[PDB]
$ cat entry03.csv   # CSV, C-alpha atoms and all ligand atoms
chain,number,residue,atom,x,y,z
A,1,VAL,CA,0.0,0.0,0.0
A,2,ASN,CA,1.2,3.5,-1.0
A,3,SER,CA,-0.1,7.0,-0.7
A,4,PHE,CA,-1.0,7.6,-4.4
A,5,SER,CA,-4.7,8.6,-4.6
A,6,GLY,CA,-7.2,8.9,-7.4
A,7,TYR,CA,-5.3,7.0,-10.1
A,8,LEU,CA,-6.8,4.9,-12.8
A,9,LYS,CA,-5.2,1.5,-13.0
A,10,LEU,CA,-4.0,0.8,-16.5
A,11,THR,CA,-2.1,-2.5,-15.9
A,12,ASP,CA,-0.6,-4.6,-13.1
A,13,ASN,CA,2.0,-1.9,-12.5
A,14,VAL,CA,1.1,1.2,-14.5
A,15,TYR,CA,-1.3,3.9,-13.1
A,16,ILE,CA,-2.4,7.2,-14.7
A,17,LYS,CA,-4.0,10.4,-13.4
A,18,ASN,CA,-4.8,14.0,-14.6
A,19,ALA,CA,-2.6,15.9,-12.3
A,20,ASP,CA,0.2,18.6,-12.2
A,21,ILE,CA,3.3,16.5,-11.3
A,22,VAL,CA,4.5,19.5,-9.2
A,23,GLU,CA,1.4,19.6,-7.1
A,24,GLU,CA,1.2,15.8,-7.0
A,25,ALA,CA,4.9,15.6,-5.8
A,26,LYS,CA,4.4,18.3,-3.2
A,27,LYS,CA,1.4,16.3,-1.7
A,28,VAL,CA,2.7,12.7,-1.9
A,29,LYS,CA,6.4,13.4,-1.4
A,30,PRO,CA,7.2,10.2,-3.3
A,31,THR,CA,10.5,8.4,-3.0
A,32,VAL,CA,11.2,9.2,-6.6
A,33,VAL,CA,9.9,11.8,-9.0
A,34,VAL,CA,11.0,11.6,-12.6
A,35,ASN,CA,12.1,14.8,-14.4
A,36,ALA,CA,11.8,15.1,-18.1
A,37,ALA,CA,15.4,16.2,-18.5
A,38,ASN,CA,17.8,17.1,-21.3
A,39,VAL,CA,21.4,16.0,-21.5
A,40,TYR,CA,22.6,19.3,-20.1
A,41,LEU,CA,20.1,19.3,-17.2
A,42,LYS,CA,19.0,22.8,-18.2
A,43,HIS,CA,15.6,22.9,-16.6
A,44,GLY,CA,14.1,25.7,-18.7
A,45,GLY,CA,10.5,24.7,-19.5
A,46,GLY,CA,8.1,21.8,-19.7
A,47,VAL,CA,8.0,19.5,-16.7
A,48,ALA,CA,11.7,20.3,-15.9
A,49,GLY,CA,11.1,24.0,-15.8
A,50,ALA,CA,8.1,23.5,-13.6
A,51,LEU,CA,9.8,21.1,-11.2
A,52,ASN,CA,12.8,23.4,-10.9
A,53,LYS,CA,10.7,26.5,-10.2
A,54,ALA,CA,9.0,24.6,-7.4
A,55,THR,CA,12.5,24.0,-5.8
A,56,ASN,CA,13.3,27.7,-6.0
A,57,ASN,CA,16.1,26.9,-8.5
A,58,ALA,CA,17.9,24.5,-6.1
A,59,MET,CA,17.4,21.7,-8.7
A,60,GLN,CA,19.2,23.8,-11.3
A,61,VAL,CA,22.1,24.7,-8.9
A,62,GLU,CA,22.6,21.0,-8.0
A,63,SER,CA,22.3,20.1,-11.7
A,64,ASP,CA,25.0,22.6,-12.8
A,65,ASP,CA,27.4,21.1,-10.3
A,66,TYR,CA,26.6,17.6,-11.6
A,67,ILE,CA,27.3,18.6,-15.2
A,68,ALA,CA,30.5,20.4,-14.3
A,69,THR,CA,31.8,17.2,-12.7
A,70,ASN,CA,30.4,14.5,-15.0
A,71,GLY,CA,29.5,16.1,-18.3
A,72,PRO,CA,26.2,15.7,-20.1
A,73,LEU,CA,24.0,12.7,-19.9
A,74,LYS,CA,23.3,10.4,-22.8
A,75,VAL,CA,20.0,10.5,-24.7
A,76,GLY,CA,18.2,7.6,-23.2
A,77,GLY,CA,20.2,7.9,-19.9
A,78,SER,CA,19.5,9.2,-16.5
A,79,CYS,CA,21.0,10.3,-13.2
A,80,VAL,CA,19.7,10.3,-9.6
A,81,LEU,CA,19.9,13.6,-7.8
A,82,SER,CA,18.0,15.2,-4.8
A,83,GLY,CA,14.3,15.6,-4.9
A,84,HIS,CA,14.6,18.8,-2.8
A,85,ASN,CA,11.2,19.7,-1.4
A,86,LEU,CA,9.3,17.5,-3.8
A,87,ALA,CA,10.5,14.0,-3.3
A,88,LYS,CA,13.4,12.1,-1.7
A,89,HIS,CA,15.1,11.7,-5.1
A,90,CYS,CA,14.7,13.0,-8.6
A,91,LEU,CA,15.5,10.6,-11.4
A,92,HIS,CA,16.4,12.9,-14.3
A,93,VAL,CA,15.7,10.9,-17.5
A,94,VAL,CA,16.5,12.0,-21.0
A,95,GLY,CA,13.9,10.9,-23.5
A,96,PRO,CA,14.6,11.8,-27.2
A,97,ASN,CA,13.5,15.3,-28.2
A,98,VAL,CA,11.8,14.9,-31.6
A,99,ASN,CA,12.2,18.7,-32.1
A,100,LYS,CA,16.0,18.1,-32.1
A,101,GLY,CA,15.8,15.1,-34.5
A,102,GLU,CA,16.7,12.5,-31.9
A,103,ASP,CA,15.9,8.8,-32.5
A,104,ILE,CA,12.5,7.8,-31.0
A,105,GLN,CA,13.8,4.3,-30.6
A,106,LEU,CA,15.8,5.7,-27.7
A,107,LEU,CA,12.5,6.1,-25.8
A,108,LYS,CA,12.5,2.5,-24.7
A,109,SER,CA,16.0,3.0,-23.3
A,110,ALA,CA,14.8,6.0,-21.4
A,111,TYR,CA,12.0,4.1,-19.8
A,112,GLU,CA,14.3,1.3,-18.8
A,113,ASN,CA,15.8,3.6,-16.3
A,114,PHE,CA,12.6,3.4,-14.3
A,115,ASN,CA,13.2,-0.3,-13.6
A,116,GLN,CA,15.9,0.6,-11.2
A,117,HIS,CA,13.3,2.1,-8.8
A,118,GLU,CA,10.5,0.1,-7.1
A,119,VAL,CA,7.9,3.0,-7.3
A,120,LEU,CA,8.0,6.3,-9.2
A,121,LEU,CA,5.9,9.3,-9.9
A,122,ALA,CA,6.6,10.3,-13.6
A,123,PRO,CA,5.5,12.2,-16.6
A,124,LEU,CA,5.2,10.7,-20.1
A,125,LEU,CA,8.7,10.8,-21.5
A,126,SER,CA,9.3,12.7,-24.8
A,127,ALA,CA,5.8,14.1,-24.6
A,128,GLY,CA,4.9,17.8,-24.6
A,129,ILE,CA,7.7,20.1,-25.8
A,130,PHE,CA,9.8,17.0,-26.6
A,131,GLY,CA,7.6,16.5,-29.6
A,132,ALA,CA,6.8,12.8,-29.6
A,133,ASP,CA,3.3,11.3,-29.7
A,134,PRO,CA,2.0,10.8,-26.1
A,135,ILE,CA,-0.1,7.8,-27.1
A,136,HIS,CA,3.1,6.2,-28.3
A,137,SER,CA,5.0,7.2,-25.2
A,138,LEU,CA,2.3,5.5,-23.1
A,139,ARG,CA,2.6,2.2,-25.1
A,140,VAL,CA,6.4,2.1,-24.7
A,141,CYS,CA,6.0,2.8,-21.0
A,142,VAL,CA,3.6,0.0,-20.4
A,143,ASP,CA,5.7,-2.4,-22.5
A,144,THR,CA,9.0,-1.4,-20.8
A,145,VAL,CA,8.5,-0.4,-17.2
A,146,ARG,CA,8.0,-3.4,-14.8
A,147,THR,CA,8.2,-1.4,-11.5
A,148,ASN,CA,5.2,0.5,-10.2
A,149,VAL,CA,4.8,3.8,-12.1
A,150,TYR,CA,2.2,6.5,-11.4
A,151,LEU,CA,1.9,8.7,-14.5
A,152,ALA,CA,0.8,12.3,-14.1
A,153,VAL,CA,-0.7,14.0,-17.2
A,154,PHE,CA,-1.1,17.7,-16.8
A,155,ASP,CA,-3.4,18.3,-19.7
A,156,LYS,CA,-6.9,17.1,-19.0
A,157,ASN,CA,-7.8,16.8,-22.7
A,158,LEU,CA,-4.7,14.8,-23.3
A,159,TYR,CA,-5.5,12.6,-20.2
A,160,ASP,CA,-9.0,11.7,-21.6
A,161,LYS,CA,-7.5,10.9,-25.0
A,162,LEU,CA,-4.9,8.6,-23.5
A,163,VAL,CA,-7.4,6.7,-21.4
A,164,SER,CA,-10.0,6.4,-24.2
A,165,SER,CA,-7.4,5.1,-26.7
A,166,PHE,CA,-5.5,2.7,-24.4
A,167,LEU,CA,-5.4,-0.9,-25.5
A,201,LIG,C1,4.5,19.1,-24.7
A,201,LIG,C2,3.3,19.5,-24.1
A,201,LIG,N1,3.3,19.1,-22.7
A,201,LIG,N2,4.5,18.5,-22.5
A,201,LIG,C3,5.0,18.0,-21.2
A,201,LIG,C4,4.7,19.0,-20.0
A,201,LIG,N3,4.1,17.8,-19.2
A,201,LIG,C5,3.7,17.7,-17.8
A,201,LIG,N4,3.3,16.6,-17.3
A,201,LIG,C6,2.9,16.5,-16.0
A,201,LIG,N5,2.9,17.5,-15.1
A,201,LIG,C7,3.4,18.6,-15.6
A,201,LIG,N6,3.5,19.8,-14.8
A,201,LIG,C8,4.0,20.8,-15.7
A,201,LIG,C9,4.2,20.3,-16.9
A,201,LIG,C10,3.8,18.9,-16.9
A,201,LIG,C11,4.1,17.0,-20.4
A,201,LIG,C12,5.3,18.5,-23.7
$ encode --input "entry03.csv" --output "structure tokens"
Amino acid sequence: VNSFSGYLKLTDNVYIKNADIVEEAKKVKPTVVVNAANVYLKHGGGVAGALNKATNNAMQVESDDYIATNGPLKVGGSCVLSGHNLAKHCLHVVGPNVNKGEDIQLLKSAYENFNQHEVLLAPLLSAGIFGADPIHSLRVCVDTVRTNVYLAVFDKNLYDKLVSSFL
């Protein structure tokens, strides 16, 4: 039993809800929140800009030190950093950004990072400003993640479309 409330159950392990991941994180305080990161951990907009704003820029400060030490992430890769006031940990995962020409086949690799964590609160990778089809992102998620994932979809119209078209 965990503290996630009001989710629709899609599969054995995948759950989905129309929610702002920021507000959901601040209420649940999950062990792991997933950030929709880029390789530079520059958290300017989308989910990343929103999560970073909610940390009063502490996420960005921590991220800049991470990059200065380690260099950029790989597309499809991840790193674990602090969750600040939102979660114990933030798993920064880099899904491919279609608006940069990155290979969508890397989306499965991105979701594989979730399997290193027993329970996660997450957005749909490569959706939104990353330019991929969110219906596709959901299929790859369901077919790749085996741990318990609670997906927050900010846009209510998108949420209803994802539920109504789910196989
Ligand atoms: C293009 C259109 N939208 N997108 C991302 C943004 N997003 C989110 N998912 C859950 N919570 C959120 N809070 C703030 C943003 C956000 C999906 C890319």
$ atom_distance --input "entry03.csv" --atom1 "atom CA of residue A:86" --atom2 "atom CA of residue A:26"
5.0 Å
$ closest_residue --input "entry03.csv" --among "A:129, A:19, A:151, A:158" --to "residue A:95" --atoms "only C-alpha atoms"
A:129
$ closest_residue --input "entry03.csv" --among "A:162, A:122, A:58, A:47" --to "residue A:31" --atoms "only C-alpha atoms"
A:122
$ closest_residue --input "entry03.csv" --among "A:108, A:136, A:17, A:146" --to "ligand LIG 201 (chain A)" --atoms "all atoms listed in the file"
A:17
$ residues_near_ligand --input "entry03.csv" --ligand "ligand LIG 201 (chain A)" --cutoff "9 Å" --atoms "all atoms listed in the file" --output "MDAnalysis selection string"
chainID A and resid 18:24 36 45:51 122:132 134 151:155
$ closest_residue --input "entry03.csv" --among "A:1, A:16, A:41, A:145" --to "residue A:166" --atoms "only C-alpha atoms"
A:16
$ atom_distance --input "entry03.csv" --atom1 "atom CA of residue A:144" --atom2 "atom CA of residue A:164"
20.8 Å
$ atom_distance --input "entry03.csv" --atom1 "atom CA of residue A:96" --atom2 "atom CA of residue A:29"
27.1 Å
$ closest_residue --input "entry03.csv" --among "A:113, A:35, A:5, A:165" --to "residue A:139" --atoms "all atoms listed in the file"
A:165
$ closest_residue --input "entry03.csv" --among "A:11, A:78, A:55, A:85" --to "residue A:27" --atoms "only C-alpha atoms"
A:85
$ residues_around --input "entry03.csv" --residues "residue A:34" --least-positions-apart "4" --cutoff "8 Å" --atoms "all atoms listed in the file" --output "PyMOL selection string"
chain A and resi 90-93+120-123
$ build_atoms --input "entry03.csv" --residues "stretch 15-29 of chain A" --atoms "N, CA, C and O atoms" --output "short mmCIF file (atom, residue, chain, number, x, y, z; two decimals), keeping the file's coordinate frame"
data_model
loop_
_atom_site.label_atom_id
_atom_site.label_comp_id
_atom_site.auth_asym_id
_atom_site.auth_seq_id
_atom_site.Cartn_x
_atom_site.Cartn_y
_atom_site.Cartn_z
N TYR A 15 -0.21 3.11 -13.62
CA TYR A 15 -1.30 3.90 -13.10
C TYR A 15 -1.25 5.29 -13.73
O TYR A 15 -0.15 5.81 -13.94
N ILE A 16 -2.40 5.93 -13.99
CA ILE A 16 -2.40 7.20 -14.70
C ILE A 16 -3.48 8.15 -14.07
O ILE A 16 -4.53 7.70 -13.60
N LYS A 17 -3.18 9.45 -14.05
CA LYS A 17 -4.00 10.40 -13.40
C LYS A 17 -3.82 11.80 -14.07
O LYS A 17 -2.70 12.14 -14.47
N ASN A 18 -4.91 12.56 -14.20
CA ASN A 18 -4.80 14.00 -14.60
C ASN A 18 -4.37 14.78 -13.45
O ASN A 18 -5.15 15.00 -12.52
N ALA A 19 -3.11 15.22 -13.46
CA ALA A 19 -2.60 15.90 -12.30
C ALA A 19 -1.32 16.70 -12.76
O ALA A 19 -0.61 16.29 -13.68
N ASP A 20 -1.09 17.82 -12.08
CA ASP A 20 0.20 18.60 -12.20
C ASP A 20 1.22 17.82 -11.35
O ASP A 20 1.08 17.70 -10.13
N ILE A 21 2.26 17.32 -12.01
CA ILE A 21 3.30 16.50 -11.30
C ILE A 21 3.90 17.33 -10.17
O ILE A 21 4.30 16.75 -9.15
N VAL A 22 3.97 18.66 -10.30
CA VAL A 22 4.50 19.50 -9.20
C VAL A 22 3.60 19.39 -7.99
O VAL A 22 4.06 19.13 -6.87
N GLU A 23 2.30 19.63 -8.18
CA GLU A 23 1.40 19.60 -7.10
C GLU A 23 1.26 18.15 -6.52
O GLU A 23 1.15 17.95 -5.30
N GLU A 24 1.30 17.16 -7.41
CA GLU A 24 1.20 15.80 -7.00
C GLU A 24 2.47 15.42 -6.13
O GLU A 24 2.35 14.83 -5.05
N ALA A 25 3.66 15.80 -6.60
CA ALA A 25 4.90 15.60 -5.80
C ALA A 25 4.78 16.26 -4.46
O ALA A 25 5.11 15.67 -3.43
N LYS A 26 4.36 17.53 -4.43
CA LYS A 26 4.40 18.30 -3.20
C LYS A 26 3.41 17.62 -2.15
O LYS A 26 3.65 17.71 -0.95
N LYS A 27 2.34 16.98 -2.62
CA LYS A 27 1.40 16.30 -1.70
C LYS A 27 1.88 14.95 -1.31
O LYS A 27 1.90 14.61 -0.12
N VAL A 28 2.28 14.12 -2.28
CA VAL A 28 2.70 12.70 -1.90
C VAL A 28 4.07 12.65 -1.34
O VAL A 28 4.32 11.78 -0.50
N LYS A 29 4.99 13.52 -1.74
CA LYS A 29 6.40 13.40 -1.40
C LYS A 29 6.92 12.01 -1.68
O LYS A 29 7.39 11.30 -0.79
#
